[PDB]
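Chains as they are written, first to last, in the UniProt record's numbering: chain A, 1281 to 1549; chain B, 1281 to 1549; chain C, 1281 to 1320, 1336 to 1549; chain D, 1281 to 1320, 1334 to 1549; chain E, 1281 to 1320, 1332 to 1353, 1356 to 1426, 1428 to 1494, 1500 to 1549. Heads up, the beta-carbon is just placed ideally off N, CA and C, and yes, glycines get one too.
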Amino acid sequence: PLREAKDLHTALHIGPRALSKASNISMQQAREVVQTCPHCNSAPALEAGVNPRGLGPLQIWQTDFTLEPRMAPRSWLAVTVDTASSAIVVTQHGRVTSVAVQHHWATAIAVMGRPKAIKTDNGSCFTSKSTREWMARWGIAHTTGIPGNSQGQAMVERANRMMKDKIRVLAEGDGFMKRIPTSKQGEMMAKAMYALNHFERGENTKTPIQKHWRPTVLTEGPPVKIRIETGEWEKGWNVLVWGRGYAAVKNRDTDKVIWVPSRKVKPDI
Amino acid sequence: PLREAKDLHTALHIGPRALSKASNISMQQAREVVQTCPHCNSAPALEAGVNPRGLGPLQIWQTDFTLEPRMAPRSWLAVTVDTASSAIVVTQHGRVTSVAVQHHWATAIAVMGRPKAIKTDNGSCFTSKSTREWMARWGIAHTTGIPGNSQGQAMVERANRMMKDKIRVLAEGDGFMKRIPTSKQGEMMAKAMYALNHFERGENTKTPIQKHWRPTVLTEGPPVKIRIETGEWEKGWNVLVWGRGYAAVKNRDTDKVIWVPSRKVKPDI
Amino acid sequence: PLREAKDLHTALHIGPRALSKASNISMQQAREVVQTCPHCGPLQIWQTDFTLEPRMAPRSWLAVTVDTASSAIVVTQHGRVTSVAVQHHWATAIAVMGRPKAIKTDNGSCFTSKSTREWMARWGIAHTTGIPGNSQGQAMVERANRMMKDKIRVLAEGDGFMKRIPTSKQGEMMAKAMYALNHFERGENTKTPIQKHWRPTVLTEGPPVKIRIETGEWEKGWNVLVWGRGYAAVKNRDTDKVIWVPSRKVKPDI
Amino acid sequence: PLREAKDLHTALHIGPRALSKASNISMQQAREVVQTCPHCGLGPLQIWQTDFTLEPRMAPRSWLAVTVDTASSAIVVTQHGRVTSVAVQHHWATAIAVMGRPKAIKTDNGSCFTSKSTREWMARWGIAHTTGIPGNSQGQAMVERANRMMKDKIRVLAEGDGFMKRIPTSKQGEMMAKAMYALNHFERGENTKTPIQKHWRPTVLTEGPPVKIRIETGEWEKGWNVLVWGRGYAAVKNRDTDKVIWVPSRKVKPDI
Amino acid sequence: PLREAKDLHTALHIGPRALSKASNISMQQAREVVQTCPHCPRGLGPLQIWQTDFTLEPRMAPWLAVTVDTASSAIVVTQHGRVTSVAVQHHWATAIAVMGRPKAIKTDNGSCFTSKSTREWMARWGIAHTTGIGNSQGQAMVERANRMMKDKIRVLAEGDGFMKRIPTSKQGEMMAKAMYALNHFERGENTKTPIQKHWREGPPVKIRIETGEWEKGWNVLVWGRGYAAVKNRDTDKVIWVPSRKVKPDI
DNA sequence: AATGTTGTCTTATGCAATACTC
DNA sequence: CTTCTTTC
DNA sequence: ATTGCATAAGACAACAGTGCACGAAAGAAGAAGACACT
DNA sequence: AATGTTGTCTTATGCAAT
DNA sequence: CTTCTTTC
DNA sequence: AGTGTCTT
Ligand SMILES: [W+6]
Ligand SMILES: [W+6]
Ligand SMILES: [W+6]
Ligand SMILES: [W+6]
Ligand SMILES: [W+6]
Ligand SMILES: [W+6]
Ligand SMILES: [W+6]
Ligand SMILES: [W+6]
Ligand SMILES: [W+6]
Ligand SMILES: [W+6]
Ligand SMILES: [W+6]
Ligand SMILES: [Zn+2]
Ligand SMILES: [Zn+2]
Ligand SMILES: [Zn+2]
Ligand SMILES: [Zn+2]
Ligand SMILES: [Zn+2]
């Protein structure tokens, strides 16, 4: 049956259940036949990726431009968020230039303070010599991303949800439909980012401004296990941050801290 | 604090968790406040009951065109599947014409038999008076689809993902990567259709041939309950088909048969 | 330390106390650096005032707001003095700091108008007026006016702008000034205006909880440090021993 | 560990990270050791900085030709008696023999760099050359620090072996060599990798295992091999061109 | 590719594997290029055993001293003028700066390496020394370095137009082309460059092959969700196999 | 060089407190 | 006899 | 008595005729001529 | 007039031999 | 001193 | 005045 099944899959590439039933082969073997085939293994998962987040506020920032035509003429919205505090700062601009990046960054620093590093995309206004000189002056490390995959920029584009879903609702509330009047744009914006920092975020236990100015940093965390490349669970780690998607775990022997998917962490003892 | 919370949401449109905590209101009330707001319409009521299925073999067919450049210059693949037996029939054509549709349906009839009804999407070939007058002589019911949002012919469009992949796997297996030579295209077709229809489809207990020529039609099914618009569970129904996604259920008092989502059916007693 | 402080003052013109503390410089030296330059409870009561600024044209009028205890400062540029401008500046102020209790203004028309009046009722803020420019209500707001009217001028001259700041860089001047004032120390106190406002600290541990122990009882004396999927890690306050328990077995203590 | 670290610093005056790693000593101790002693950017092999310095302690061969890799911090120095068009080409030749053939080299406008002979030497090797004043910050500023590094290591080494103001000739070429081994093979500073490991890729992986990558249209394309596979990203090389690109983990799956 | 390969061999006389990889040419052509030119127990560890001997080439008139690593295949030559026991200390001094500190250096017992100055010099570096008891396995290694340096300098100098001798101003300069040709670019039919074996995995593992047998000789490089990438130690071919088909080797 | 995000949306259980049906 | 339009 | 097994979970995935069309912003690449070197 | 669908895909659970 | 390649 | 890197 094993050779007959191999020949059958060679010619027809029959799935494993059919070969297992037809030739009376156990499922592990039939699956082994599909696995050993080069063309039929065209769907392995091989998925991973952590945003990542910072262990404390004013450490990791993310910034990107988004287009909200309601703010016309200055329809470009530069959005920035701290990964630890989840607090949002936004300004309006008419053109996406490095001047707008250093201006917006100047405002966000004027509100929340100076961050350790800002994580942007591969845009031309962020990769300009002038921007590198600006962050060279303010001492902020620069981290770009994949060319076209904003998944790593997730928790800033996630902000672009609120900033665009809150501006819609608040603008419709004051009776503005096609374009927000220029006299009330500042009020709209101020109330907008006012509602998203001093007040909780749905099921969030604290407010983003409280998580900003009064963050929770564990000195030494509780012990956890992590699932390592071979699929095994390894003791000897402690967790410092455990969020919804991902957790930050620290190795006990070195104090190195890494971010891993939640599914790959379980309590140690 | 019902009015205080309402005012807070009026101005800032604060979520229910925040208003419930801030104004000490129970959950149901705060949620009612968010619900009662028009510009915060959640909504999210989109009726999920959606069922494109038929009862018996040769009763309801699905037919659509798709592009696979491996068969060029005749790369146009016409696909027709029987919704009850899941038996696929595909024919290659250089250009999508009503004559090509009548040729395809002529072959699928020459293999499976004359169907009672065929459901397609409203294209140029199907909505022509010529194809209409062709189904006229053969007595086959014609059912078009929504202009653009083709999610109902899915069990044929999904068939393309079942089809074209089995093409590639058979093409790469024979050393043909870019375009399959004209001499072996038809053999590729026959080998694909024989691999799909004459063997189990993954977890399928019967083969499409065993499901077509030896189908299983229940004289009368076991009793079930269905969840009705008000959310209640109503007795007095019997289930005739219970698949992975959807179920066909029959009303005991009238013998009227309707299709409903699996999640909306449970055993009666 | 002397060069770092000099560079810092060149760009932001930070006062001597802040540079002395930040760069570990003795008082006399840091002060000498500031000298060599030629152009050199919280959230209870606020103070608002308008001031002229022809260099910030077209939006020349600047609205300034300051807190009494935290010494914070928020500014907004406007093209003319209107009620919507006052409400905009106040919405930005409460956006950066939060909704206060009382705000002290003057007897001006923009602050005594109707559109400004009814805006106080919805947001719930108290107002106080009196003599047109008295010494107890209009004192510190003028100090802030000196703060901003000096900072914008000196920084704008420091980046190469002399007569009129271009329309693009104006907001950047705003942000740089507010950064030089909020986050930096203009007084002998080691606490910045930002520090004196939010009282920034770090949660060394979690809030107190009770945990259900093997016998089913609920025991006080624990704080929770981690709440993961399914289980929670809780720490005993008297010993710092940490154990993992099911989420269902934890509830807030008091 | 305390004696091993003391001997290592005595001879080479190795920085604290290297001594901490070599003898398994914590950071506070290594830093105390450095204290107790009195005398104490994308891809590599792309841009070099070359300049001359005059160490009077290396006389009569006082002129030192220094070339440091910008993306590796690894340096190559050779002694010369006079700065001419031949000494520069010999130094560049030795450096190329040590750390591989680069593509660009940044120097100043000296006569030894603008001569026709050296120009032809640049042309025959297919290497780029640019001028300068010098005195910039982004470029032309790394070699300046490298010169102080080299003169400092030579000074601390020769003065460590009993030579004060002039190094004996019969030992000159040695007191230079012992410097480079301390500035290339061992880690100098506070980083993790060694300046030699901070050089070339390292050991540019001729072949990786086969992968597919998801291309703009959503398709999965064969013909790539992965050279680096990190948590977020993988480095994959096209087999037909040797072009290497970085892509998200979710867009890669095993081939075959 | 034809011009790139021809130019590369003209200047450096690079072997066929290196030219094939560098210019993406199939092996038959590169071998034809090598043809067209007229003058044209080894797995312990790198940086452990060195062979050093003196062999004279008259083209560098008025000596040469070689030092080769027995694993990385790299070579270092200093071209001394007078053969003394000091030239050995300076030669090894220049070698341990490029190839690093070796764990041992073995030389055939001569009147030059057995001196007390050389022995104290060995002890000063913590490097063990053993006079060669020069072996038959090294007969094809250190002499290989000798004649490979001689022939490489001969072909480079002849290609430059210098028949008998080389100008002393160009002598120290052409030393680099030889080491660069014999160290960076690959030589012979080998796969790894002499550099790629000095600065460079599995547990190892065994893999279950199509016939069901378990084969030793593989190391695993990637273990993802479901599948593993394993590398054959001999050919360096890498294949992906199911997790169930891999187990630790020893 | 540099990784997917949470803010909500409905319905499904487990336990106090009216309002009923004997 | 062109365009013009609705679908795939 | 533990471990080989054919079943769960519990998702990923892509079918929809084809995808590349354009703009902005900042930098890189190619090209015609002026002052210095040859 | 005319309803998002399944075949794989990985890693966790119940019946019988060394 | 214009016209391409990159990315958002 | 070749021609050549440097200017724009
Ligand atoms: W034809
Ligand atoms: W033909
Ligand atoms: W034909
Ligand atoms: W004026
Ligand atoms: W004036
Ligand atoms: W004035
Ligand atoms: W004036
Ligand atoms: W003025
Ligand atoms: W003026
Ligand atoms: W004036
Ligand atoms: W003036
Ligand atoms: Zn197959
Ligand atoms: Zn609302
Ligand atoms: Zn100043
Ligand atoms: Zn020292
Ligand atoms: Zn040759």
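Length at least 4, wholly inside the segment 1364-1417 of chain D: the alpha helix (DSSP H) runs in chain order:
1378-1392
Going along chain E in order, which residues have a C-beta closer than 7 Å to the C-beta of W1522(D)?
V1521
Buried versus exposed call for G1523(B) [16 or more other C-beta atoms within 10 Å across all chains shown]:
exposed
Buried or exposed for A1416(E), please, with buried defined as at least 16 other CB atoms from any protein chain shown within 10 angstroms of its CB.
exposed
Residue-level contact to chain A via CB, residue 1584(C), 8 Å cutoff:
For residue 1584(C) there is no data in the structure shown, the boundaries of chain C being 1281 and 1549.
For the segment 1525-1537 of chain E, which residues have a CB atom closer than 8 Å to at least one CB atom of chain A, in sequence order?
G1525, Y1526
Bridge partners - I1460(A), DSSP secondary structure assignment
BP columns for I1460(A) are empty, so no partner.
Identity of the residues DSSP links to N1477(A) by a beta bridge:
According to DSSP, which records beta bridges pairwise, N1477(A) is partnered with nothing at all.
Could you check whether the Cβ of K1286(A) sits closer than 8 Å to any Cβ belonging to chain B?
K1286(A) has a beta carbon lying at 8 Å or more from every beta carbon in chain B.
Considering only residues of the same chain and omitting the five flanking positions on each side of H1289(E), which have a CB-CB separation below 7 Å?
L1299, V1313, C1317
Run the Cβ filter for me: residues under 6 Å from any heavy atom of ligand 13, listed in the order they occur in the chain.
The answer, residue by residue, is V1449(A), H1289(B), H1293(B), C1317(B), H1319(B), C1320(B).
Between the segment 1374-1382 of chain E and the segment 1504-1520 of chain E, do three or more beta carbon pairs fall short of 8 Å?
no
Does the distance between the C-beta of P1349(C) and the nearest non-hydrogen atom of ligand 5 fall short of 7 Å?
Result yes, Cβ under 7 Å from ligand 5.
Mapping DSSP to helix, strand and coil, what is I1447(E)?
helix
Under the rule that 16 or more other beta-carbon atoms within 10 Å means buried, what is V1369(C), buried or exposed?
buried
Identify whether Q1342(C) lies in helix, strand or coil by the three-state DSSP scheme.
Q1342(C) falls in the strand class under three-state DSSP.
Report the neighbours of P1324(A) on chain E: residues whose CB is nearer than 9 Å to its CB, in chain order.
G1523, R1524, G1525, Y1526, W1539
Tell me, please, whether the segment 1386-1402 of chain E touches the segment 1333-1340 of chain E by the rule of three or more beta-carbon pairs shorter than 8 Å.
The segment 1386-1402 of chain E, when compared against the segment 1333-1340 of chain E, does touch it at the 8 Å Cβ threshold.
What is the DSSP secondary structure of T1316(B), counted as helix, strand or coil?
coil
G1425(E) in three-state terms, based on DSSP
Strand, per DSSP.
Three-state secondary structure assigned by DSSP to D1548(E)
coil
Which value, in whole angstroms, describes the spacing of the CA atoms of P1547(D) and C1320(A)?
12 Å
Interface flag, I1389(E) vs chain D, CB-CB below 8 Å:
yes
Residues, ordered as in the chain, of the segment 1295-1308 of chain A that lie near chain B by beta-carbon distance below 8 Å:
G1295, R1297, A1298, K1301, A1302
Evaluate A1325(A) with the Cβ neighbour count: other Cβ atoms within 10 Å of its Cβ, from every protein chain shown; 16 or more gives buried, anything less gives exposed.
Label assigned to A1325(A): exposed.
Give a yes or no on whether the minimum CB-CB distance between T1487(A) and chain C is below 8 Å.
Not one chain C Cβ lies under 8 Å of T1487(A).
In whole angstroms, what is the alpha-carbon distance linking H1492(E) and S1303(D)?
Between the alpha carbons of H1492(E) and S1303(D) lies a distance of about 23 Å.
Does the separation of the CB atoms of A1367(A) and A1470(C) fall below 8 Å?
no
Along chain D, which residues have their Cβ under 9 Å away from the Cβ of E1483(E)?
The premise fails here: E1483(E) is roughly 14 Å from chain D at the closest Cβ pair, so nothing lies under 9 Å.
Which residues bound the alpha helix (DSSP H) around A1302(B)?
1296-1302
Three or more C-beta pairs below 8 Å linking the segment 1460-1477 of chain E and the segment 1428-1446 of chain E:
yes
From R1494(C) to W1418(C), what distance separates their C-alpha atoms?
Going by the C-alpha atoms only, they are around 24 Å apart.
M1392(A) to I1489(A) span [Cα, whole Å]:
Straight-line measurement puts the Cα of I1489(A) at about 9 Å from the Cα of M1392(A).
Assuming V1361(B) and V1436(B) are in contact, meaning their beta carbons sit under 8 Å apart, how far apart are those beta carbons, in whole angstroms?
5 Å
Looking at the secondary structure, which residues open and close the beta strand (DSSP E) in which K1530(E) lies?
1526-1531
Under 8 Å, Cβ to Cβ, is there at least one residue of chain B near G1453(A)?
Output row for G1453(A): interface = yes.
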